[PDB]
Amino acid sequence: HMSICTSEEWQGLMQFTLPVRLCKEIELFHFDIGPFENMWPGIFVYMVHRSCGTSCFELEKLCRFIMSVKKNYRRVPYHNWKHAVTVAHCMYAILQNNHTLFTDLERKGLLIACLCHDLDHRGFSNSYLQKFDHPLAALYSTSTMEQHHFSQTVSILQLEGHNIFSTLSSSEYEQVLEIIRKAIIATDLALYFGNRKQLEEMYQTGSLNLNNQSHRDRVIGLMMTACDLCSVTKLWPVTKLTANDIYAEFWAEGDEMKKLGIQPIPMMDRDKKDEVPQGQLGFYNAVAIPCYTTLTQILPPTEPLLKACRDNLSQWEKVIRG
C-alpha cells in the first residue's frame, strides 16, 4: 500500500554534494536546516556518511529509502518532512558529541528512527483520533500515531530495494528494528514524563548503568524526546517561526473539533492566541527545561541544548512582559 519514490528522485539524490560553508555549522547543535529545503535529503545522506561512513548502507538503497520516507510525510504545518530532518540532525549532533557511548547498530538505527519518527502524520493528536474514533485509534489503542509511524517505517523497508538493513545478520536486523521501534514509541510525549522521572532517580542514586539494556533504552528514549523538541534549542528567530508552524497545526486540529461542535482546549483554539507566550513559558518550564537538564546530566556534551533552551525561555518571558 506504501508510497515509493520514482527512479529519478533517488538517482538525483545519489549525485548531490553538500556546500562547504555548511560543513562546520551542521556540526553545531543550533544548526537550522530551514533555509536549505532542496538539500534536506542530501543533508541526511551527509550525516549518515559523516557519522557512520560512506559504506554503512548501499548508496542506491539509502537514496531510495530517504526519497520514499519524504513522500510518506504529509503537507501538514508542523509534523512534516522539515521536522523529520530537523529531528535527525539533532540526533546526528548528539551522536557525534557522544562518539564512544553508542554501538554502530544504535548509531544507524537512531538516525533512521529520527527520520521516520512522524511518518504519515495527519496533523492530529492521539486524543483527537481516539475521541472522534478514527480508524487509526481502532488499530492502535495507545501511542496511536507512534505505532503507525513504526508501521510506516517497516512497510517502507519492505519495498523493492528499500531494505538498507538487508546486509545485516538476522540477529542484528531484529536488533536494529527493535531500537527503531522503541525509539519511535518514546516520541509519544505522554511517555516522556515517567521516563525522565525514572532516569533522574537512577542518576541521583548512582544506579544508572549504560551496560544495562533497560537503562540504555530509557537514555535513548530521552534522546528521542530531546531531538523531538529541539526547535526550542535553535536561535530565537528560528524558534519563533517554528512556534507559528506548531500552532498552525494545533489550531487546524481545533478548527476540526469546532466544526463538530466540540470546544477545543485553549492550546488548540485560535481565538486564544494571546495566551501563546504564557503557554510557551509553562511548556519550557514543565517539559523542555527538565528534558535538557536530565539529558545534560546523563550526557554532559549535550549541554549546548540546555543553554539554547534557557536562552529561548528568557525570550518568551520578554514577550510576556513586552
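Numbering starts at 1 and runs along the sequence shown. Rigid core (definition): largest C-alpha set, two forms, superposition within 1.5 Å.
Fitting each structure in 7 other deposited structures of this protein onto the rigid core and averaging C-alpha distances over structures and residues, 251 to 259 emerges as the more displaced of 251 to 259 and 290 to 298. Put simply, when the other structures in 7 other deposited structures of this protein are lined up on the rigid core, the C-alpha atoms of 135 to 143 lie farther off than those of the other stretch, from 208 to 216 and 135 to 143.
When the two stretches 295 to 303 and 6 to 14 are set side by side, the higher mean Cα temperature factor goes to 6 to 14. Two stretches are in play, 230 to 238 and 199 to 207, and the higher mean C-alpha B-factor belongs to 199 to 207.
Note on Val76, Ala243, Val219, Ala137: the highest value goes to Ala137, judged by CA B factor as recorded. Looking only at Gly123, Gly109, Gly161, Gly194, the residue with the top Cα B factor in the deposited structure is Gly161. Residue-level temperature factors show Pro266 in the middle third of its chain, judged at the C-alpha atom. Among all modelled residues in its chain, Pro290 ranks in the lowest third by Cα B-factor. Sort the modelled residues of the chain by CA B factor and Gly53 lands in the highest third.
Looking at the C-alpha B-factors along this chain, the one for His89 belongs to the lowest third. In this PDB entry, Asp32 carries a Cα temperature factor that places it within the middle third of its chain's modelled residues.
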